[PDB]
S.K.: 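Let me begin by handing over the structure; questions about it come next.
Numbers restart at 1 for each chain; the letters A, B, ... are given by sequence-line order, proteins then strands. Heavy-atom basis, side chains included; hydrogens, waters and symmetry copies ignored.
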Amino acid sequence: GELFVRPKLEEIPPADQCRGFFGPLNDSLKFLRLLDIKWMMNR
Amino acid sequence: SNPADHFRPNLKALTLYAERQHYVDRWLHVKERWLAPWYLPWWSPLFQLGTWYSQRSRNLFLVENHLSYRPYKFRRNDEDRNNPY
Amino acid sequence: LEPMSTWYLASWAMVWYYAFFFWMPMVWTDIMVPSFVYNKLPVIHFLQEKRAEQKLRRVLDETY
Amino acid sequence: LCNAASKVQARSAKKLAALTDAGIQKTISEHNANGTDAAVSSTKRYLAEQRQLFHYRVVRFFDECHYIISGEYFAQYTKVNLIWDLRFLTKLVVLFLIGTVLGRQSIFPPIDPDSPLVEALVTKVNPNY
Amino acid sequence: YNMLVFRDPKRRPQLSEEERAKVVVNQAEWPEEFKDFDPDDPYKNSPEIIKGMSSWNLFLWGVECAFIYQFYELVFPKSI
Amino acid sequence: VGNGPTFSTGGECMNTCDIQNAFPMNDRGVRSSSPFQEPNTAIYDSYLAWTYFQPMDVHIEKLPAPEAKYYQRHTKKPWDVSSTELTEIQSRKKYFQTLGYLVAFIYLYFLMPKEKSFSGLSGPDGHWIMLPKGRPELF
Amino acid sequence: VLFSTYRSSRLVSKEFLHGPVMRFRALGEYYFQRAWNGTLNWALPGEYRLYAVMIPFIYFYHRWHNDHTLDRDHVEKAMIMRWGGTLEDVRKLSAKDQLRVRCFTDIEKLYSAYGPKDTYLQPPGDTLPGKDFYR
Amino acid sequence: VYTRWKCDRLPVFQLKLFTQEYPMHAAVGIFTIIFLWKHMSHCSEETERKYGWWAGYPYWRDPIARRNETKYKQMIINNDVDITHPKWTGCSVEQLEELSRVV
Amino acid sequence: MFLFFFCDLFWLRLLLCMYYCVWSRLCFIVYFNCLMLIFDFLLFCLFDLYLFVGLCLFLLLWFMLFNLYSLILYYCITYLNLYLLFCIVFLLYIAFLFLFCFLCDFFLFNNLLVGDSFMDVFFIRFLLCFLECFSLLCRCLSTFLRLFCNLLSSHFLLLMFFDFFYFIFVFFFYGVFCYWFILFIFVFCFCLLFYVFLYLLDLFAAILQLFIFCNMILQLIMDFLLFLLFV
Amino acid sequence: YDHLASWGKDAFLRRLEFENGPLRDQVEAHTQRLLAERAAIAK
Amino acid sequence: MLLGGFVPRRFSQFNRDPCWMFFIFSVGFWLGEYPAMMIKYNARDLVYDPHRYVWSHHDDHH
Ligand SMILES: CCCCCCCCCCCCCCCCCC(=O)OC[C@H](COP(=O)([O-])OCC(O)COP(=O)([O-])OC[C@@H](COC(=O)CCCCCCCCCCCCCCCCC)OC(=O)CCCCCCCCCCCCCCCCC)OC(=O)CCCCCCCCCCCCCCCCC
Ligand SMILES: CCCCCCCCCCCCCCCCCC(=O)OC[C@H](COP(=O)([O-])OCC(O)COP(=O)([O-])OC[C@@H](COC(=O)CCCCCCCCCCCCCCCCC)OC(=O)CCCCCCCCCCCCCCCCC)OC(=O)CCCCCCCCCCCCCCCCC
Ligand SMILES: CCCCCCCCCCCCCCCCCC(=O)OC[C@H](COP(=O)([O-])OCC(O)COP(=O)([O-])OC[C@@H](COC(=O)CCCCCCCCCCCCCCCCC)OC(=O)CCCCCCCCCCCCCCCCC)OC(=O)CCCCCCCCCCCCCCCCC
Ligand SMILES: CCCCCCCCCCCCCCCCCC(=O)OC[C@H](COP(=O)([O-])OCC(O)COP(=O)([O-])OC[C@@H](COC(=O)CCCCCCCCCCCCCCCCC)OC(=O)CCCCCCCCCCCCCCCCC)OC(=O)CCCCCCCCCCCCCCCCC
Ligand SMILES: CCCCCCCCCCCCCCCCCC(=O)OC[C@H](COP(=O)([O-])OCC[N+](C)(C)C)OC(=O)CCCCCCCCCCCCCCCCC
Ligand SMILES: CCCCCCCCCCCCCCCCCC(=O)OC[C@H](COP(=O)([O-])OCC[N+](C)(C)C)OC(=O)CCCCCCCCCCCCCCCCC
Ligand SMILES: CCCCCCCC/C=C/CCCCCCCC(=O)OC[C@H](COP(=O)(O)OCCN)OC(=O)CCCCCCC/C=C/CCCCCCCC
Ligand SMILES: CCCCCCCC/C=C\CCCCCCCC(=O)O[C@H](COC(=O)CCCCCCC/C=C/CCCCCCCC)COP(=O)(O)OCCN
């Protein structure tokens, strides 16, 4: 529809804010980010 | 039935038949004749375009190991569902 | 129904493929582009007349 | 049953008044004044003229035959004459076919006794027809 | 008027009533084909393409051709 | 006056078309059917309106012939083909194409038999092609 | 160098067959190059007389082809199947008999879905030959 | 001035049209043509009998059998095929002669 | 198997050669929208958005020469086959789709993921993306199916009605000379009315179907066009 | 268009020349007067 | 597009243009072929084929 402008480096939220299937995969669960498809979709 | 028969091409002139084996072999002979000369090296893109895909497809056919039976492509009768032969 | 058939589909489709690859260029060069050029002619004539009048007007306006 | 009759009469009267032919209007007025029928008078005049022109037709036929036989007709032959002759040929063919059908008094040829179609005649639903 | 889906084109008037009223009509200058010209019947006096060939004659010619087409095999049948 | 055609219109009314300004308007208020100035242009009303121009005998003050220097441009190139020459070429080509199509139409609809007849009295039943020849080792 | 890619490389003179070509173009242009002959996508012209001439001609030649090339096959099949199953058997009949058979086929065509069904369904007790007559 | 449609001859314009104007469409069309002739270019004898004839298959002369007979006769005569070979018959020549004398 | 046959356009080809050896203006186009994609001025597209005009015009001419003239009795629609129409629509639709895909701009497909960030990505947005990707191919299939079915149904109806009219006209006209003549005249008038109505309906429907056929292709093209604003 | 001269003018072409020729004003006046008279008679 | 051309006002005027002359000839053929079929196919001497029950298209298509 309309033109798409890529976000700036400062406009991209941090990875820790993203949520997985059950909950955020923060510290001690970072390596589970690779396996959680929903977390990757949300990211 | 009769109304359905109105929906056919009205200018059919001639029908020719040819076996897949025969014209495939003739095409291969033509391809060999044109790709044989020395002035067309095997590493040229033209030669590989002519040969590689055909080789790959034939290899895929040879490697096939299917648990089901594929009826012959050119049977005399392929309209009977309960007779694959 | 032959419209639902496939036993001579390739030869049947050759009619469309011949129309697309061999007859469309002839219709393109002989019928379509000529008609659209004919449609173009009047507006281009009008605009070029206006451009010539503009040139003459500018020629006159620079005199003093 | 009466309104329809009145409407038809009115329509035909309007159409009769509409025509702008001096001769037709004059004849209609004269016959209306005298109370006679114009159409029947026209028919009688036509038949009288045709009765008096029979030998004119014969003379014209012989003159036309001489004109055709002498070759003068083909000397000035044009495309219009070709069109007329094609029309003439078509009428001749259709008349020959109609004459054959009337002569045998049947649309189709009659079936011979030795033909295998005799059964069809025997198994007619209505022998009267 | 119409003949089936074919409608007779009609020329749009271009003169105003004031200008039109001042026009003097002189049919003596008109062609013989168009005298007492009627928009509802402009071809009433138009000449025939072939003298003596009526529309009914052509219609009947077609009817006779159809009869020949359907009846020729009844008089001159042919074998398979 | 003659019976020849004029600048093509496409069946369009120029008083309501999208390029109407390109067509001059005369005193009567009817836009021309062509880029030229037309005194007797008219509009006819069928299901759709269409503009018509009737050729007529009219005298126009003819400016004298200029010199060839001021209107001739000798920039012709080998690829260039003029519209007159193109019309000639296309006329001849279409004449021959029309004759060929006429012969094809007559043969197709009046002489060519349909293949695979039930009785076998007309048309071919088909046959095999590309059969091997002189290859005993093939069998 | 062998053949030119440009249409300007002429193969004939400008005056070759000028007369016949001009007659052909006169035939084409007289009715088509007119203001009221505005086509719809080049297929439907505006001139009424083009319809009046071309619809009958198209129907006529299509009908001739259908009657003499397409329906003839069905007619011959009916004749062969109903009178012996062989062409020689049909030819053993006379032209009049063949005419009768072909006209009955025409009757069947004209009824089609609305005619009586006794033309192809044998009523019980009918004495005419059945399907196993020639078998 | 130069234009492809007016200056080039028809074959040249055809190549230009399908190479610099509609190359993807030409590619897809060629793809589909290859597919059709690879998978939709065969018809069995039974299919021909069911649907291959305008008025129906004329069993009373069996044109398919005649066509195949001509095909096989031509192949045998041209390729010098010995149809009496044991592989075709499944038995030796002497056994074939014995069968001929028996029947 | 190789069948040799000919199209039913040879007379029309002859007429085209006769009547188009000289130039003529074209002012009426069945699908005019292929020529006017942009309606707001100062908007322009870097994509070749007018590439479809030539194919559209040729397709309209071809389909009109076949479908419109098929109303004449015994005229044959030579291409009337389901899979042949599938091939035609496949060519056009897949060619344009591959033109957009060869662009190698993945952001062009961002709009396939329907919805906003509020909607759950896996259970709502992804399923909508699946359905939309399915809907593109279904649009291709529906286009060709609609074109095939409309022609087939219209001509079946015409054939059946013509057969009925022939039957009653030939085998029941004698009632004009009988005492039940009014019934036959009523039936005959009804048949004439239905005849005219069917012909008008088919004439309108053929052109409408061609319009819709071209509109589907142009809609495919328009779904992926992006317009810049002149400054 | 000399090659068309032999064809002449048909009825429709003659009508167009008559209505749109130098006598166009007279024909227009006559036609409009006749139509007005017929409309008045109809009412 | 049905924009214009010669349009006969009534039957009698069809002979004022060659194209409409051909049209009225064709209309004559069209309408006159029906009476011919009435006469031919409702004839008294028309007889159904005795072997009509030997074979029918209904057998073949079934
Ligand atoms: C199998 C073999 C069998 C063989 C059997 C034997 C064969 C015969 C052998 C000889 C026998 C002895 C001789 C007998 C001769 C009799 C005839 C005779 O002399 O005639 C002269 C006689 C006039 O003589 P006249 O009185 O001295 O005349 C004085 C002037 O000369 C007057 O001059 P004119 O200027 O008036 O000239 C014109 C005049 C003279 O024209 C003629 O001479 C005509 C031709 C004469 C011969 C006719 C023979 C008829 C025999 C039967 C039919 C055979 C086919 C005939 C084909 C004719 C084609 C034109 O025209 C007419 O006569 C017109 C008649 C038709 C009138 C039409 C009006 C219809 C109105 C309907 C309105 C309905 C509204 C309902 C509303 C309801 C609301 C609830 O005319 C007639 O008798 C006319 C008879 C017409 C009968 C037609 C019947 C057709 C079939 C029924 C209709 C079916 C279709 C339509 C149905 C529609 C639904 C309702
Ligand atoms: C400066 C010199 C002055 C000399 C003055 C001389 C004056 C006197 C006259 C001289 C004598 C006459 C000269 C010829 C006149 C021809 C007619 C004419 O005037 O035309 C107008 C025009 C006159 O020339 P121009 O206007 O001055 O210049 C033309 C432009 O420069 C360029 O034109 P364009 O590019 O715009 O268009 C050319 C062409 C487009 O270009 C081509 O078509 C050329 C390429 C075509 C190739 C087709 C074959 C491909 C096969 C596959 C590939 C095979 C590869 C094999 C490899 C090796 C294998 C070992 O356009 C067309 O196709 C449309 C026109 C078609 C004409 C209609 C043809 C049929 C007429 C039938 C009438 C009779 C019916 C039957 C009657 C029966 C009665 C009972 O000529 C042409 O347009 C040329 C047409 C050429 C068509 C060739 C078609 C050949 C088809 C048969 C092939 C047979 C192969 C057999 C192989 C067997 C193997 C077993
Ligand atoms: C001397 C010529 C060059 C010699 C060779 C040179 C060196 C090699 C060149 C490149 C070879 C490519 C190899 C394959 C690459 C991948 C594609 C693929 O899968 O291919 C499958 C298969 C090849 O098989 P393969 O993979 O090599 O291995 C064999 C397998 O065992 C088979 O397994 P299968 O199950 O796939 O087998 C089924 C069947 C499957 O076969 C097919 O599906 C055949 C499809 C043909 C496609 C044609 C493409 C061009 C279309 C142009 C537009 C036409 C529009 C419609 C016109 C209709 C009316 C004519 O395969 C065959 O039997 C192959 C036979 C191929 C014969 C090709 C003959 C072309 C004739 C063109 C006629 C044009 C007439 C225009 C007249 C106009 C006049 C104005 O088909 C093709 O590759 C077809 C395209 C071949 C193009 C060859 C080069 C250009 C054409 C040169 C000859 C021109 C003759 C003109 C005669 C004019 C007479 C008037
Ligand atoms: C064994 C029996 C024989 C058969 C052998 C066959 C071998 C097959 C090999 C295997 C092939 C496998 C694949 C087959 C797939 C088929 C698919 C198919 O049919 O699709 C439907 C599809 C239907 O297309 P369409 O929409 O009908 O349009 C195509 C039409 O051709 C119309 O389209 P168009 O109008 O757009 O075309 C352009 C047209 C533009 O318009 C024109 O040029 C107008 C003319 C049109 C001609 C073409 C139409 C043909 C009409 C029917 C036949 C006409 C009468 C023939 C009379 C025969 C009498 C026995 O220009 C031309 O046609 C250029 C050629 C012009 C020739 C002019 C010759 C003039 C000679 C003058 C001589 C004067 C001598 C004077 C001496 C004086 C001495 C004192 O067909 C095609 O697309 C073409 C399929 C062709 C595939 C290639 C086949 C291989 C080549 C075979 C050539 C055989 C030559 C030897 C025959 C000898 C007699 C027995
Ligand atoms: C009565 C039954 C009715 C059934 C009706 C069923 C529907 C029929 C519909 C027919 C009409 C519509 C057809 C639309 C088109 C369909 C297209 C399609 O599916 O075709 C697929 C088919 C697939 O081909 P294939 O079937 O030969 O696949 C080979 C795969 N093996 C070897 C494993 C068997 O495509 C073709 O037929 C064309 C193949 C040649 C052209 C492409 C060559 C390049 C390939 C690139 C990848 C591989 C090589 C490496 C890269 C390149 C290196 C140089
Ligand atoms: C833009 C809109 C265009 C609308 C055009 C409207 C045309 C109106 C036609 C009125 C009736 C015409 C009757 C013709 C009779 C012919 C003789 C005959 O027997 O026919 C009977 C035939 C069939 O009648 P039938 O079915 O009763 O036949 C009976 C025959 N038996 C019993 C054996 C089965 O009539 C028709 O089929 C006529 C249908 C016409 C429908 C309109 C077609 C329009 C599309 C084609 C346009 C062509 C223009 C080409 C111009 C040049 C192009 C470059
Ligand atoms: C390149 C050939 C090299 C070998 C020598 C072969 C000579 C064979 C004898 C030829 C005698 C007749 C020649 C007639 C004139 C030919 C003129 C010509 O080539 O015109 C091409 C002209 C097309 O013209 P345009 O495309 O418009 O463009 C032309 C200008 N750019 O083609 C035609 O019209 C066809 C003319 C064919 C003539 C015959 C050609 C024969 C060629 C044979 C080569 C093979 C070797 C033969 C050896 C013969 C030994 C006895
Ligand atoms: C040599 C001919 C003489 C002509 C004289 C005709 C006089 C007839 C007067 C009575 C007619 C009505 C009779 C009513 C019953 C008819 C039944 C019927 O169909 O009869 C057929 C005869 O029918 C025909 O062959 C003719 C049918 C109708 C012919 C129509 C004639 C032309 C009509 C032109 C129409 C054009 C438009 C005009 C409109 C005007 C009216 C609205 C024979 O019947 P069977 O032998 O028992 O059955 C055969 C099946 N085994």
S.K.: Between OG of H:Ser44 and CE of I:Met1, what distance do you get to the nearest 0.5 Å?
M.R.: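 Rounded to the nearest 0.5 Å, the OG-CE separation comes to 10.5 Å.
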S.K.: Could you walk me through whether G:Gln98 and E:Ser79 pass the side-chain contact (heavy atoms from CB on, under 4.5 Å) test, one step at a time?
M.R.: CA-CA 7 Å; G:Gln98 298 178 27; E:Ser79 57; 3.8 Å; yes
S.K.: G:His65 versus F:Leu108: any side-chain heavy-atom pair under 4.5 Å?
M.R.: no
S.K.: Relative to the ring of I:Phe194, is the ring of I:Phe197 parallel (under 30°), tilted (30 to 60°) or perpendicular (over 60°)?
M.R.: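 Geometry flag for I:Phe194 against I:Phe197: tilted rings.
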S.K.: Has G:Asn41 got a side-chain atom pairing as donor or acceptor with G:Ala43's backbone, closer than 3.5 angstrom?
M.R.: no
S.K.: Could you check, using the six-membered ring where one of them is a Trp, whether I:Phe66 and I:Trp62 have ring centers closer than 6.0 angstrom?
M.R.: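 Yes; I:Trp62 has its ring centre under 6.0 Å from that of I:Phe66.
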S.K.: Please confirm whether the ring centroid of G:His62 lies under 6.0 Å from the ring centroid of F:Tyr109.
M.R.: yes
S.K.: Counting heavy atoms not belonging to D:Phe96, are there more than 12 under 6.0 Å from its CZ?
M.R.: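 Count not over threshold, so no.
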S.K.: Where does the angle between the aromatic ring planes of K:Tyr34 and I:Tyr166 fall among parallel (under 30°), tilted (30 to 60°) and perpendicular (over 60°)?
M.R.: tilted
S.K.: Is I:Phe144 close to I:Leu82 at the side-chain level, that is, under 4.5 Å between some pair of heavy atoms?
M.R.: yes
S.K.: Any heavy-atom pair between the side chains of I:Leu147 and I:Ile88 that's under 4.5 Å?
M.R.: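 Result no, sub-4.5 Å side-chain heavy-atom pair not found.
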S.K.: Output, in order, the C-alpha distance, side-chain angles, deciding distance and verdict of side-chain hydrogen bond (donor to acceptor under 3.5 Å, both in side chains) for G:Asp67 and E:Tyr69.
M.R.: CA-CA 11 Å; G:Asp67 287 0; E:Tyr69 190 71; 2.6 Å; yes
S.K.: Which residues pass the salt bridge (charged side-chain N to carboxylate O under 4.0 Å, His left out) test with I:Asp8, sequence neighbours left out?
M.R.: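 In terms of salt bridge (charged side-chain N to carboxylate O under 4.0 Å, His left out), with neighbours along the sequence ignored, I:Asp8 is linked to no residue.
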S.K.: Nearest heavy-atom pair of I:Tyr19 and G:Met54: which atoms, and what distance?
M.R.: OH-CE, 3.8 Å
S.K.: Are G:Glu76 and G:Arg72 ion-paired here, with the side-chain N under 4.0 Å from a carboxylate O?
M.R.: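 Result for this pair is yes, salt bridge flagged.
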S.K.: Indicate the atoms forming the closest heavy-atom contact of F:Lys114 with G:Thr69, along with that distance.
M.R.: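 So the two residues come closest at NZ-O, 3.6 Å.
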S.K.: If we ignore angles and hydrogens, is there a donor and acceptor under 3.5 Å between the side chains of E:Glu64 and D:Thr90?
M.R.: no
S.K.: Applying salt bridge (charged side-chain N to carboxylate O under 4.0 Å, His left out), can you list everything that pairs with G:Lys131, at least two apart in sequence or on another chain?
M.R.: K:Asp59
S.K.: Might you work through the side-chain contact (heavy atoms from CB on, under 4.5 Å) test for B:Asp5 and K:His57, ending with a clear yes or no?
M.R.: CA-CA 12 Å; B:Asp5 293 333; K:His57 159 78; 4.3 Å; yes
S.K.: Please confirm whether G:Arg49 makes a cation-pi placement over G:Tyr31, using NZ or CZ under 6.0 Å from the six-membered ring centre and within 45° of the ring normal.
M.R.: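 That pair does not qualify as a cation-pi contact.
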S.K.: Give a yes-or-no answer on whether the side chains of B:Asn10 and I:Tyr75 include a donor-acceptor pair shorter than 3.5 Å.
M.R.: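 The answer is no; no qualifying pair exists.
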S.K.: So, do I:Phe171 and G:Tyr111 have ring centers that fall under 6.0 Å from each other?
M.R.: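 Centroid separation for I:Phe171 and G:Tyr111: below 6.0 Å.
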S.K.: Using every non-hydrogen atom in the two residues, find where E:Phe71 and D:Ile107 come nearest and quote the distance to one decimal.
M.R.: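 Here E:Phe71 and D:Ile107 meet closest at CE2-CG2, 4.2 Å.
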S.K.: With a 6.0 Å cut-off on ring centres, are I:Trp11 and F:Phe105 close enough?
M.R.: yes
S.K.: List the residues meeting salt bridge (charged side-chain N to carboxylate O under 4.0 Å, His left out) with H:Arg61, not counting sequence neighbours, and say none if there are none.
M.R.: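 Salt bridge (charged side-chain N to carboxylate O under 4.0 Å, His left out) check on H:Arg61 returns F:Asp125.
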S.K.: Determine, for H:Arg49 against H:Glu46, whether the closest basic-nitrogen to carboxylate-oxygen distance falls under 4.0 angstrom.
M.R.: yes
S.K.: For I:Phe63 together with I:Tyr79, are the ring centres under 6.0 Å from each other?
M.R.: yes
S.K.: Would you say the ring centers of I:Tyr199 and I:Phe162 fall short of 6.0 Å from each other?
M.R.: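 For I:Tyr199 and I:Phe162, the ring centres are under 6.0 Å apart.
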S.K.: What distance separates G:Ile107 CD1 from K:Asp49 CG, expressed to the nearest 0.5 Å?
M.R.: 12.5 Å
S.K.: Do the side chain of G:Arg82 and the main chain of G:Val101 share a donor and acceptor less than 3.5 angstrom apart?
M.R.: no
S.K.: Tell me if the aromatic rings of I:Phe156 and B:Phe7 count as close, with their centers under 6.0 Å from one another.
M.R.: yes
S.K.: To the nearest 0.5 Å, tell me how far G:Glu88 CD sits from G:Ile80 CD1.
M.R.: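 It comes to 11.0 Å.
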S.K.: C:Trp12 versus I:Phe5: any side-chain heavy-atom pair under 4.5 Å?
M.R.: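 Sidechains of I:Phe5 and C:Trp12: in contact.
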S.K.: Before we go on, tell me: are the rings of K:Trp20 and E:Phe6 under 6.0 Å apart, centre to centre?
M.R.: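 Yes: the rings meet the under 6.0 Å criterion.
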S.K.: Side chains of C:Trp23 and I:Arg13: closer than 4.5 Å at any heavy-atom pair?
M.R.: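 Touching, per the 4.5 Å side-chain cut-off.
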S.K.: Do you know the tightest heavy-atom contact between G:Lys77 and H:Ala55?
M.R.: NZ-O, 2.6 Å
S.K.: Quick check: do G:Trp42 and C:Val27 have side-chain heavy atoms less than 4.5 Å from each other?
M.R.: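 Heavy-atom side-chain distance check fails, nothing below 4.5 Å.
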S.K.: Students often mix this up, so state it plainly: with edges at 30° and 60°, are the rings of C:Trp16 and I:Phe58 parallel, tilted or perpendicular?
M.R.: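 Ring orientation, 0 to 90° scale: tilted.
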S.K.: Does I:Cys87 reach the side chain of C:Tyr17, with side-chain heavy atoms less than 4.5 Å apart?
M.R.: yes
S.K.: Just how far is it from atom CD1 of D:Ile111 to atom CG of D:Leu117, taken to the nearest 0.5 Å?
M.R.: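 It is 5.0 Å, given to the nearest 0.5 Å.
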S.K.: Would you kindly say whether H:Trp53 and G:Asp73 are connected by a side-chain donor-acceptor distance under 3.5 Å?
M.R.: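 Absent: no donor and acceptor within the cut-off.
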S.K.: Evaluate the side-chain proximity of H:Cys43 to C:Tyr8: yes if any heavy-atom separation is below 4.5 Å, no if none is.
M.R.: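 Of all side-chain heavy-atom pairs linking H:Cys43 with C:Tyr8, none is under 4.5 Å.
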S.K.: Ignoring hydrogens and angles, tell me if any N or O in the side chain of F:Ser117 forms a donor-acceptor pair with the backbone of F:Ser122 under 3.5 Å.
M.R.: yes
S.K.: Centroid separation under 6.0 Å, is that true for the rings of F:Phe110 and G:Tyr61?
M.R.: no
S.K.: What is the ring orientation for G:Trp83 with K:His51, classed by angle as parallel under 30°, tilted 30 to 60°, or perpendicular over 60°?
M.R.: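 Judged by the thresholds at 30° and 60°, the geometry between G:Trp83 and K:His51 is parallel.
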S.K.: Anything under 30° is parallel, anything over 60° is perpendicular, the rest tilted; go ahead and classify E:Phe59 against E:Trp56.
M.R.: parallel
S.K.: Parallel, tilted or perpendicular, judged at 30° and 60°: which one describes the rings of G:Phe60 and K:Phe25?
M.R.: perpendicular
S.K.: Check this for me: does any side-chain nitrogen of one of F:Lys116 and H:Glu48 sit under 4.0 Å from a carboxylate oxygen of the other?
M.R.: yes
S.K.: In terms of the angle between their ring planes, are F:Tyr101 and I:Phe10 parallel, tilted or perpendicular, with boundaries placed at 30° and 60°?
M.R.: perpendicular
S.K.: Which atom pair, heavy atoms only, marks the closest approach of G:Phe32 to G:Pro45?
M.R.: CE1-CB, 4.3 Å
S.K.: Walk me through whether E:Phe76 and E:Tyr72 qualify under ring pair (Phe, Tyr, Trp, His ring centres under 6.0 Å).
M.R.: CA-CA 6 Å; E:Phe76 303 103; E:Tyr72 185 87; 5.1 Å; yes
S.K.: List the atom of I:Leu68, the atom of G:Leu44, and the distance in Å for their closest heavy-atom pair.
M.R.: CD1-CD1, 3.5 Å
S.K.: In Å and rounded to the nearest 0.5 Å, what is the CG to CG distance from G:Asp71 to G:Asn66?
M.R.: 4.0 Å
S.K.: Is it true that I:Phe172 and I:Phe167 have ring centroids separated by less than 6.0 Å?
M.R.: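 Ring-ring flag for I:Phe172/I:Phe167: true, centres closer than 6.0 Å.
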S.K.: Going by the angle between their ring planes, with limits at 30° and 60°, are C:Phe22 and C:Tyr18 parallel, tilted or perpendicular?
M.R.: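 Taking C:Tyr18 first and then C:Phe22, their aromatic rings lie parallel (interplane angle under 30°).
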S.K.: Between K:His58 and K:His62, does the ring centroid distance fall short of 6.0 Å?
M.R.: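 Judged by ring-centre distance (under 6.0 Å), K:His58 and K:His62 do not meet the cut-off.
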S.K.: Could you check whether G:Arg102 pairs with E:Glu73 (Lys NZ or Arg NE/NH1/NH2 to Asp/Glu carboxylate O, under 4.0 Å)?
M.R.: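 A salt bridge links G:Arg102 with E:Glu73.
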